[PDB]
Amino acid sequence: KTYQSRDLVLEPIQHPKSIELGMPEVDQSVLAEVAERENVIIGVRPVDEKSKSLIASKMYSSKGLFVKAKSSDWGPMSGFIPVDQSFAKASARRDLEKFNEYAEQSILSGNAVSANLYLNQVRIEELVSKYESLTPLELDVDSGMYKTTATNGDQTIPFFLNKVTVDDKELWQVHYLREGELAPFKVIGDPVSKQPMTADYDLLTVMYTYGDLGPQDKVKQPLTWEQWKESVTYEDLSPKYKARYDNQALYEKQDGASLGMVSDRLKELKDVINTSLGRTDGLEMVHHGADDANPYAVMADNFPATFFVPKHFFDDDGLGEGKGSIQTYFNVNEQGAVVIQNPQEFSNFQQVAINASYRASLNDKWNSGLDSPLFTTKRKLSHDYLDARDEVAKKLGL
């Protein structure tokens, strides 16, 4: 019942804890099935728990690479992307000038619009009663709106909700005090539908079997439509890629810069994931390459992460002879999501998967901020490689 392999010792989980996740349970189940069908390990960066009902409703599109402004994780704007980034999550309020410029440029360039924020009664009840993100609504008689408050971290900010009827729906419009004056709260909306966008699913990493390693694992830098056209031969492309070859707008929207640093394996797996989620025609949740290839990766914002693994990992001695099952050493929920809570636990999980023949892609930026650089080529070497080397050295007199 103990995972022991060279210098790696893992004890069984004592008292498994329930970890709240923002990814809807149905989406976790789909990704558990994608991992099994495709025989890959898929890791997804955190999604705030209050984004759950927004993503589950399938009403909103999500932010890709052209919308670098962060979503908010507090207040009535929780789960949405505020135009004024002082209302966004802490990483954005950290470099306020940079994130406000991202928000503005995404709108001024036509990659997004400035939309009003409307919340229905159900979302208000969720924020007040279930999450306690907003304090109860108090009828402010000096305006007609219903006052509510929220905390960002050390500060309490008021918001005023106005009952409105838009598209025959009864909703609450969010307002705030912009320089001592009541103003409509703005969020980033989809350039085509104009509706507010939610956060996306950011792939942390995809671990593929060693047996399937090939040219499709080469991470490529984005190419312009012209450079890409010259590098491919039209006749060999699928209808999907022929359409991008014949339409510059289609290519820039679904390929090139919009994906970032990506391998061919990941480009295909992104389409499999979005199709399996029923997230096509502008409602995609996965928009770009994984964090393992992200030059701006922030390790602190990568946890808790949800990992989806092939089903043999859950079997008796699924990790190998005498090694046990994945759920013995890592927290696994009802949907089959392995919840990884910190860099050390991610380093342990990666070594377990590498030993079971699943390949890691290491980002050196993952070591930034760590006590010790866990994510290096030498520290992540397969234990079968190290054991065979020990055996050969002993047997050959080397």
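Note that residue numbering follows the sequence shown and begins at 1.
Peer 1: Taking only the CA atoms, which stretch has the higher mean B-factor in the record, 107 to 115 or 157 to 165?
Peer 2: Mean CA B-factor is higher for 157 to 165.
Peer 1: On mean Cα temperature factor in this entry, is 144 to 152 or 193 to 201 the higher one?
Peer 2: Comparing 144 to 152 with 193 to 201, the higher mean C-alpha B-factor belongs to 144 to 152.
Peer 1: When the CA B-factors of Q248, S71, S263, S258 are compared as recorded in the entry, which is the largest?
Peer 2: Of the candidates given, the C-alpha B-factor peaks at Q248.
Peer 1: Among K89, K98, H288, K240, which residue carries the highest C-alpha B-factor recorded in the PDB entry?
Peer 2: Out of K89, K98, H288, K240, the record gives the largest C-alpha B-factor to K240.
Peer 1: Sort the modelled residues of this chain by their C-alpha B factor and say whether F307 lands in the lowest, middle or highest third.
Peer 2: CA B-factor rank for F307: lowest third.
Peer 1: Taking only the Cα B-factors deposited for this chain, tell me whether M207 sits in the lowest, middle or highest third.
Peer 2: It falls in the bottom third of the chain.
Peer 1: Taking the chain's C-alpha temperature factors as the reference, tell me which third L381 falls into: lowest, middle or highest.
Peer 2: It belongs to the lowest third of the chain when residues are ordered by C-alpha B-factor.
Peer 1: Split into thirds by Cα B-factor across the chain's modelled residues, where does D217 land: lowest, middle or highest?
Peer 2: For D217, whose C-alpha B-factor we compare with every modelled residue in the chain, the answer is the lowest third.
Peer 1: Could you say whether, by C-alpha temperature factor, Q173 belongs to the lowest, middle or highest third of its chain?
Peer 2: For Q173, whose C-alpha B-factor we compare with every modelled residue in the chain, the answer is the highest third.
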